[PDB]
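Trainee: Note that the authors' numbering has the sequence shown beginning at 6, numbered continuously upward. So that we are looking at the same thing, I have put the structure below in structure tokens.
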Amino acid sequence: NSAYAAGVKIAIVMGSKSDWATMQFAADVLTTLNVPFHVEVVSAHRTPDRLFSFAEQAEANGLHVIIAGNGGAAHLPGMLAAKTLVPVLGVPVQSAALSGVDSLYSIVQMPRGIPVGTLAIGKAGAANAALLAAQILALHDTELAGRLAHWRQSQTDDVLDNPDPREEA
């Protein structure tokens, strides 16, 4: 909702509570970067009316990026993107039989006119959706841009400081 103007510009949404094992990796990156966020379960198929209400009110609620995770016939990101101009980033959750290929195809293959920016299958894509969302915010947030640069430099240094994989860090 919009009771407090508290700087929440990102929502992490997902189609099922079981997706939180994957989507928590997006939340953790935003916590590290001091970026406020909202989390919510919204199902394209079990709560279609709530998907439309969430998307319709995204701008009024102050959102600038929605990160949406779903799997299988993964319709949540695309249906959200059809109903708002707020950018939607999609995370394919790994599915059991098809190992997320169904998830990936049903998110990334959007037809011309309604985009979803898609990230890798699973927890790598959830972390990366948070980083891409933060990179978008940082276009107009120089202090966040500095925190992203530090985050990247730390990741780079951790590899450079441990070049021989036979040795412990």
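Beta carbons: idealized from backbone N, C-alpha and C, even for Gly.
Which word fits residue 119, buried or exposed, when buried means at least 16 other C-beta atoms lie within 10 angstroms of its C-beta?
Mentor: With fewer than 16 Cβ atoms within 10 Å of its Cβ, residue 119 is classed as exposed.
Trainee: How far does the alpha helix (DSSP H) with residue 82 in it reach, from first residue to last?
Mentor: It spans 81 to 88 - the alpha helix (DSSP H) in which residue 82 sits, taken as one unbroken run.
Trainee: Please go through the same chain and pick out, in chain order, the residues whose beta-carbon is closer than 8 Å to the beta-carbon of residue 18, but skip the five residues on each side of it.
Mentor: Closer than 8 Å at the Cβ level, and outside the excluded window around residue 18, lie 44, 45, 46, 47, 59, 71, 72, 73, 74, 81 and 85.
Trainee: Can the beta-carbon of residue 76 be found less than 8 Å from the beta-carbon of residue 115?
Mentor: No.
Trainee: According to the neighbour-count rule (16 or more other Cβ atoms, all chains shown, within 10 Å of its Cβ), is residue 106 buried or exposed?
Mentor: That one is exposed.
Trainee: Keeping to the same chain, check which residues put their C-beta closer than 6 Å to that of residue 15; ignore five residues upstream and five downstream.
Mentor: Excluding sequence neighbours, residue 15 sits near 42, 70 and 138.
Trainee: Based on Cα-Cα distance, which residue from 23, 8 and 13 lies nearest to residue 99?
Mentor: Looking at the Cα atoms, 23 is the closest of the given residues.
Trainee: Identify every run of the beta strand (DSSP E) within the segment 76 to 144, keeping only runs that are complete inside it and at least 3 residues long; order them along the chain.
Mentor: Listed in chain order, the complete beta strand (DSSP E) runs (minimum 3 residues) inside the segment 76 to 144 are 93 to 97.
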